[PDB]
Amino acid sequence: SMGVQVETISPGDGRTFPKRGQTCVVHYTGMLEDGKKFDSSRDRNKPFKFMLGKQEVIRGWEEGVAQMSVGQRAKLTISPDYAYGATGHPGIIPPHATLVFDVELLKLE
């Protein structure tokens, strides 16, 4: 609806953006709209890797991370249509949930 909004927390180089078929290396924290945390790669001390263009993540990450450059830290606010929709993720994400992720694009591989 409001799709995905990208708010910069601290800037990346503003020139190295991920293309289709590249692997993005990120650290993230995911919270519900009211701030309760549901997951964080920082809590596991291990960055998350996914490849753009490979249907691996919710649409708000696909479109939101594609807009960031290496080094950038940003807040992604993602509407349910760009997340888990009516189903949610049983026991983790409720139905019809807007999600907020703190995402840092660490590196491209």
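Sequential numbering from 1, following the sequence displayed.
If you average the C-alpha B-factors over 30-38 and over 80-88, the higher value belongs to 30-38.
Averaged over CA atoms, B-factors in the entry run higher in 48-56 than in the other of 70-78 and 48-56.
Among all modelled residues in its chain, residue 12 ranks in the lowest third by Cα B-factor.
Looking at the C-alpha B-factors along this chain, the one for residue 105 belongs to the lowest third.
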